[PDB]
Every structure is written in C-alpha cells, then in structure tokens.
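Please treat every number below as a calculation from the coordinates, not as lab data. Every residue, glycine among them, receives a Cβ derived from its backbone with ideal geometry; neighbour counts consider all protein chains shown.
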There are 2 protein chains.
Amino acid sequence: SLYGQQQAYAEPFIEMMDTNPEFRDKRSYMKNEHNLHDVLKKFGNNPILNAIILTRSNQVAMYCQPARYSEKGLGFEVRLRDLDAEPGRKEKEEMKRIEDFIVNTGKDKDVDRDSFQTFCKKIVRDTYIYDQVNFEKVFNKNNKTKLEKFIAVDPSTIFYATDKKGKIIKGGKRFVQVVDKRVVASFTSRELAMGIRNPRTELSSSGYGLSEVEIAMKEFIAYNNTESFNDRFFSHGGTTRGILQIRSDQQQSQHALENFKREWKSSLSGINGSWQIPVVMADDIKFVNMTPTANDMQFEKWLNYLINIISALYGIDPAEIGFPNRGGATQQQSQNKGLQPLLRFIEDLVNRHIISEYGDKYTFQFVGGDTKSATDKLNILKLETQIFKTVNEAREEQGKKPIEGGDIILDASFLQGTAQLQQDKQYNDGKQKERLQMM
Amino acid sequence: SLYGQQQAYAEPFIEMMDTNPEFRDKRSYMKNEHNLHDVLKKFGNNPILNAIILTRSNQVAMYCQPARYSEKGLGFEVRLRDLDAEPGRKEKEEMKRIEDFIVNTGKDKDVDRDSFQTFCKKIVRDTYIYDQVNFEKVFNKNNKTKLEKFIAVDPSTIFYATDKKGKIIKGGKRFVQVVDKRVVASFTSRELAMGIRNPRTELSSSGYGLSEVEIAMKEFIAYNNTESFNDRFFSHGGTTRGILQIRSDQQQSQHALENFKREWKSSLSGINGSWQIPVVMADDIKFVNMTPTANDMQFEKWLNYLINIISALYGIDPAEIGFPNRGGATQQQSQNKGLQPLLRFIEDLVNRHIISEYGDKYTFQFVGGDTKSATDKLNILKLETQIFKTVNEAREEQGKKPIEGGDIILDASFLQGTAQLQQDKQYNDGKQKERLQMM
C-alpha cells in the first residue's frame, strides 16, 4: 500500500500502540521520542541554522525568474521533452502560458498569493529544517481534470493516513492534516504533494525523511551552552580583577572604610586623577589576582569544530558563514555540491507534480550560471571538429538542420585536398571528351 | 482567506486570546512576547546594524536612475515582456512616461514628495530591520481604475485585519494601520502593498516575516555590553597603576602628607622635573601593582566572532564593515550573494505592484554593473559560432532580423569550401550548355 502492490514488506508489521489509529506518527531515529517536529521547531530559531537557511534562500532567489523575460540566460525555462523536436506556434504559446502560470502560482494574477520566489524561499526552509515539503493543489471545481492554483502547506501538521487496520492507505485520501492533535482535513495524492530529500529504507521511519537537525541535536545544544558560557562572564558575575588586602590588628569600622572610599573616589576615580598614585601607611598590603592579566574568548577551536561538522552535514562551505575551514583553503566546487542538488530536487518535484497536469511532452528546468561547463562542451566540439566531425553532422546532432556547402571537416588543409581532388578530377573527367572524340 | 479558497489550514485554528479582535498581532518566534517591533525599534539604533543598512543603501542608490537618461548602462529600464517582440512609437512613449512616473513617484513633479532614490533607501532599511515593507497607493478619485501617486508607510504600524470570527480577511479592506493601540485607517489590497522577504510556513507567524534582528538579539546585547565593559575602564574607575606603601610606626598626620604632596608636585609633577628622582629615608617602601604593565582591549576575538556571525546572517561581507573574516581572505562573489537578491526582491515587488496597473505586456528591471557575465555570454556565442551557429540564426535568436549575405558560419576555411563548391558547381553546371549543344 505504501508504494503499491508488492510481495515484500516495507512498512512496520506491528503498529505503534500509542499512536492514533487515523494516522502513522513520525518519530525519532532511535524511537526515543514519538514526537519530533515539536523539538525541531525549537532549533528552528538557531542563528547558525537560520544563517545557512537565509544564505541558501538568497542563492535560490536569483534563479527564480523566467528565462525569456530575462536579458541574460539566468532563470528557468519550459521546453519540449525532446531537445531535437521542433517547436510550434501553438506549443510555444502553451509553454509561455504555463511559465506565466508558474510565475504567478495560479491561473490569474493575485497580489494576495505567493510569487514563485517566495514559494521557493519557503521550500528551502522546509527542506533544510524538517526534510519534508508539502504544497496543496486547487483543482477547478467546474472541471476536476484541470488545475487552478497551488500553494505551500507547513509540513509539521501533515502526516501519512492509515486505514482501520493501521496500514498506510494508497487509494483515495492518503495525506491528513492535524492541528493540536485533532484531525482537520485530508487530501488525495494528486491534491497534495510530498517531497522527501533524505529518504530511508528502514521500516522504523516508514518513509519519513531524516532531518539533519536531529543528527546535529547534540552539537546544537553544545554550541548553545558554549555561547551561554562565554556570555555569562558579562551577564553574570565573576568579572573581578583582584582583591586589595590591607593587614590590620583590628578590622576598620565601616565609617572609616566609607571615608576611605570617599577619598579614593575624589582623588583617583575616572579620567580625573587617572595617572595619580595614592599613599597608604599600613603594616602590609597585598593584591591577589582572581582573573588573568587579559581575558579572551574560550573554547574557540571547539566552536570551529562544531560549526564545521554542522556545515559539512548540510554541505555548505563554512567560509560562507564566517568560520574558518579546519582543512583545505585555510567556490565553484562548493557551489556544485551545495546548491545544484537542491535546485535539481526542486526541479524534479515541480516538474513531476505540476507539469503532469498539462502533458508528458513538456518539462521544467533551470538554466544559467554554468558558463564554464558549456565552455568545456563547446571546446570538446571545437577540438572534435578539426579531425573527426563534419559541420553538418554536428548541426544535425544538436537539433538543427544542415547548411548548404558540403559536410566539410574544418581544416584549411582538408579543403585544399578536396579542391585539389575535384580540380584534378575535372581534368581527368574532361578526358572522356577526347575518348568520345576518337569515336 | 489568508491566501485564497483552499482545503488545508494555513492560519491558527484558535485565535490568540489577548489580541484585539480587529487584527492579528505579530509576535516573537517562541511566543515569548506578543509585541515585537517595539523591542526591534530599540535595536534599530545599533551602529553595526546601521552601518550595514547605510552601506547597502549607498550600494542601491547608484542603480536608482533610468538607463536611457544615463550615458552608461547602469540604471533601471522598462521594456516589453517579450524581448523578441518589436517596439513601437506608441509603446516607446508609454514606457518613457511610465519611467518618468516612477522617477518622480507620481503623475506630476512635486518637490514635497520622495524621489525613487529616497524611496529605495527607506525600503532597504525597512527590509533589513523589520523584514516587512509597505507603501500606499493613491488612485485617481475621478477614476478609481488608474493610479496617481504612491508613497511609503512605516511597517511597524500596519497589521493584518481580521473578521468578526478573528480570521484574516481576503475581500475588501485587508490591511489596517494602528497607532498607540488605536485603529486609525484600513486599506484595500490594491491600495496597500505588503512585501515579505523572509517568509515562513508555520501557523504561529501567520505569514509575518522573520527579521534577522530577532535572531541576533542575544548577540546584539552581548556586543553592546561588551562595548560597555571596554568603555567602563575610562568612564568608571579602576584605572590605578599601583599603590606606594611606606612603612612607619605611626600613620603620618594629614598635614604632613599634604606637605609631602606639595613637595612631590613642586619637584616632579608635569614635564617640569619629569626625569628627576626623589629620595626618601623611611624604613621600608613597596610598590604593589594593581593593573598590568600595559593595557589593551579585551575580548577582541569574541567581538570578531559576534560581528562575523551577525554579518553572515545578513549576507554581508565582514570586511566591508571594518572587521576581519575569521576564514577565507584573511568582492564580486560577496556582492553576488549580498546585493543582487535584494535588487531582485525590490524589482519583483515594484513590478507586480506598480506595472500591474498599466498592463501585463510591460515589465520593470535593473541593468548594468554585470559586464563579466555579459562578457562570458558573448564568449559563449563567439565560440559557438565558429563551428555550430550561423550568423543569421544567432541574429534571429536574439530578437533581430537577418543580414543579407547568406547564413554563413564564420570560419575562413568554411567560406573557401562554399566558394570552391560554388566555383566548381558553376563549372559542372556550365556543361549543360554542351549537353544541349549536341541536341
């Protein structure tokens, strides 16, 4: 049921007793807690995590515009599934309409609704915090077959529904929304998407993704309490430099000490009388140091290590978030592993969920920001054509029609060989005139 | 209602009891405080934050001029939605009028009203402090269909309105202005915009954006009290170098100590008698040090770490604000992640809110300051044309009409092949004259 009809089991044979029959709960890795997103919501406010989220969101936001409206190639585009297939006036108009629909996130403009930029900015946060993304579709009521609007829904409230036997359902309504432990609404598979970026095969998770926050929970709390320890020097006591002991047979009366303080403040306090030296005629005086000569941050390398491993979990370069790399440099490759997989994930999700409603012959893809790869591709072609490939063969290979002029291989020598062969060929073929002349 | 008619819930099912029925309040992440912008206004005065705001505002201000009035390409421009579509004298005049309207922020010039430069400078501050931007529109009273003026409004006073049931309203007036906890005025969706740069999907926020100041609140107070700690060495006591103890059987009378001070000041004080050495014949003398030999700033690395993470939250390079990067360099890529997303956000907001009033066929976009990307684009084309693309195909591809001369592929060899083929073709085709001659 979970994926379809199959011979094997890919769901827990025995249900979790404490869970409600109507749905299957999402739980921690070790089954330590049956309620996970509640504690992940607490870490949702962490600065380091939020810094990563915001950096990735800003990176994604640039790509979130259509290509044909952009003077430069950066953006997204819709095209026919086959690159070699020709376009058409009807299909071009349909693709333009679909692109505008995605840009406006609906059939018609509405200021009250999200632009696709904000939708992606929501999706990245939901992907990197909870590792679960969901968005609702609004099919036309006059015609169930077609689509009108689509918007995002928070993943924390959405669960997998279950049948009376407790097994996850396939047919009909499959996803359910829960608020304050009460069932509110449920959705058909087509009506609500489910994107999992970090899936797992073990029966315990039952298909729910694994979020990096759960993995780094210990590290996150360690970072938090380390920061608290550093800040408690100021927000709490212990900032004394030392104690000035003065030996005496009798402890001086508090009035005398107050007058002592008055004299000290009047003579030495502040910039006024800063450089002056007092004089005291007691038996013996000592100054005992309680703190070192100069203070500084503590456990610096510990923080660097923690943030480095946390960054490595998300695949982001620590240098972007203002920390040193414990190895390597101390950007293209960092971007290649960090951003491009996320863009491809969003691409696949949006494609297979939205474009399925219009037709198989179309697809959605991002474009731009990859000049170097295209440069190397063109260099491959430019080196290949010198010896191997004809101009017309390459042009046909890349979904274009040939140009008259012969299927020439571009080299100034090669042309002279063909020209010389043709010139001498015409000389030899001209001797057939003499051959017939004797007749 | 919040976004439209939908099956799911994207707003709190149960209202916050303490909030007024007329609107939904904006609250902290953890619900610790139901009043947030009041405390954010306090941090609005911080120098580091204000430094970031001013740097970004100065960066944006350069772009805020029309392109066609600028000798160089830097500026903004309005164009038809399709780059391949031809322009026209009517449409060109309309676009020029719209550009002048945006420059003057209204139908007619008015010195009393903001230029678009100052409007953007306000918008960046409102975007980076509160993460919420709003500007009012003034439609023509004689004709509601069309627009006359638009100006900015402070986001702190604006809230989402609610119905009698407490749910957020869609139809009619949707945004409400509150001053001193009193409702003053309310606006229709078209009459007042709402820009959220850092949106969230959780029901708790109810669509309100998340500001980086709230995330960095602890860090900001830590920075403030660290600076206070460093400054309190001067503004408060504790600047003594040491104490000069003189042992004696009896404490000298204060008159004797005053005469001692008189002699000391007359002989040693100031530049006069600076290098001299006094002489004293007491039993024993000591000098006990209360502060080290040389003082300096404390907790320097702590400050660098704090400011680095704060900068990383906003995406700004710490080097711009006079701090060292704890990793990396110790500018184009920093600009690419820092400024361009903000420009695109302003672009999308201004487009979808202003240009919607005139027509769909137009769009607003910035231009300039991106020569390297355009250079790489032109290099892609220049490498592609050598083997792959004809001149006329490229010219057609970029919204231009072909030039007579043939759809040639630019390579000195290729032309000789076509010329040689044509030359030999004419030779062979000339033999048809001989073929007919025998007839």
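Numerical summary
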item	result
Those residues of region A:314-348 which are of a type in the set (D, E) and farther than 23 Å from B:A319 by Cβ, in sequence order	A:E347, A:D348
Among residues of region B:5-57, those that are in a helix (DSSP H, G or I), among the charged types (D, E, K, R) and either more than 25 Å from the chain's Cα centre (by Cα) or within 14 Å of another protein chain (Cβ to nearest Cβ) (or both), counted	1
Tally of residues being at the interface with another protein chain (Cβ under 10 Å from one of its Cβ atoms) and small (G, A, S) across region B:340-368	1
Residues of region A:307-331 classified as over 14 Å from A:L49 (Cα atoms), in a loop (DSSP other than H, G, I, E, B) and either within 11 Å of another protein chain (Cβ to nearest Cβ) or hydroxyl-bearing (S, T, Y) (or both), total	7
Scope region A:404-415; condition surrounded by fewer than 18 Cβ atoms within 10 Å (Cβ to Cβ) and either among the aliphatic types (A, V, I, L, M) or on the phi < 0 side of the Ramachandran plot (or both); matching residues	A:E404, A:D407, A:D411, A:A412, A:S413, A:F414
Odd one out for B:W302 among (1) over 30 Å from A:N304 (Cα atoms); (2) surrounded by 10 or more Cβ atoms within 10 Å (Cβ to Cβ); (3) not aliphatic (A, V, I, L, M)	(1)
Residue check, A:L257 within 12 Å of chain B (Cβ to nearest Cβ), of a type in the set (A, V, I, L, M, F, W, C) and within 24 Å of B:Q254 (Cβ to Cβ)	no
Lone unmet requirement of (1) acidic (D, E); (2) more than 28 Å from A:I14 (Cβ to Cβ); (3) not in a helix (DSSP H, G or I) for A:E219	(3)
Every residue from region A:58-67 that is more than 8 Å from every other protein chain (Cβ to nearest Cβ) and touching a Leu at 6+ places or on another chain (Cβ under 9 Å)	A:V60, A:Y63, A:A67
Number of the condition not met by B:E33 [criteria: (1) buried (at least 17 other Cβ atoms within 10 Å of the Cβ); (2) out of contact with any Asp or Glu (no Cβ under 7 Å at 6 or more places or on another chain); (3) under 21 Å from B:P155 (Cβ atoms)]	(1)
Flag for A:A222 being surrounded by 13 or more Cβ atoms within 10 Å (Cβ to Cβ) and small (G, A, S)	yes
Within region B:369-399, considering residues that are more than 11 Å from chain A (Cβ to nearest Cβ) and under 18 Å from B:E77 (Cβ atoms), the one surrounded by the most Cβ atoms within 10 Å (Cβ to Cβ)	B:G369
B:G406 vs. criteria in a loop (DSSP other than H, G, I, E, B), more than 30 Å from A:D108 (Cβ to Cβ), facing chain A (nearest Cβ under 10 Å) and not aromatic (F, W, Y)	yes
Scope region A:204-246; condition within 11 Å of another protein chain (Cβ to nearest Cβ) and over 30 Å from A:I310 (Cβ atoms); matching residues	A:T239, A:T240, A:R241, A:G242, A:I243, A:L244, A:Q245, A:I246
Filtered residues of region B:166-192 (kept if part of a strand (DSSP E or B) and of a type in the set (A, V, I, L, M))	B:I168, B:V176, B:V178, B:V179, B:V183, B:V184, B:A185, B:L192
Criterion (of a type in the set (D, E), within 10 Å of chain A (Cβ to nearest Cβ), part of a loop (DSSP other than H, G, I, E, B) and closer than 21 Å to A:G273 by Cα) met by exactly one of B:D296, B:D249	B:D296
Pairs, first within 20 Å of B:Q251 (Cβ to Cβ) in region B:262-284, second exposed (fewer than 10 other Cβ atoms within 10 Å of the Cβ) and of a type outside the set (D, E), C-beta under 9 Å, six or more apart	B:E263/B:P278; B:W264/B:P278
Restricting region B:409-427 to residues that are assigned to a loop (DSSP other than H, G, I, E, B) and at the interface with chain A (Cβ under 7 Å from one of its Cβ atoms), the residue that is nearest to A:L421 (Cα to Cα)	B:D411
Among the candidates B:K144, B:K170, B:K149, residue that is more than 30 Å from B:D283 (Cα to Cα) and at the interface with chain A (Cβ under 10 Å from one of its Cβ atoms)	B:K170
Selection count where residues are aliphatic (A, V, I, L, M) and assigned to a strand (DSSP E or B), scope region A:339-377	1
The one condition in (1) in contact with an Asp or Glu (Cβ under 9 Å, 6 or more places away or on another chain); (2) within 10 Å of another protein chain (Cβ to nearest Cβ); (3) surrounded by 13 or more Cβ atoms within 10 Å (Cβ to Cβ) that A:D283 fails to fulfil	(3)
Number of the condition not met by A:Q132 [criteria: (1) more than 8 Å from chain B (Cβ to nearest Cβ); (2) polar (S, T, N, Q); (3) more than 16 Å from the chain's Cα centre (by Cα)]	(3)
Count - residues of region A:197-213 that are closer than 24 Å to A:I14 by Cβ and out of contact with any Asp or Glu (no Cβ under 7 Å at 6 or more places or on another chain)	8
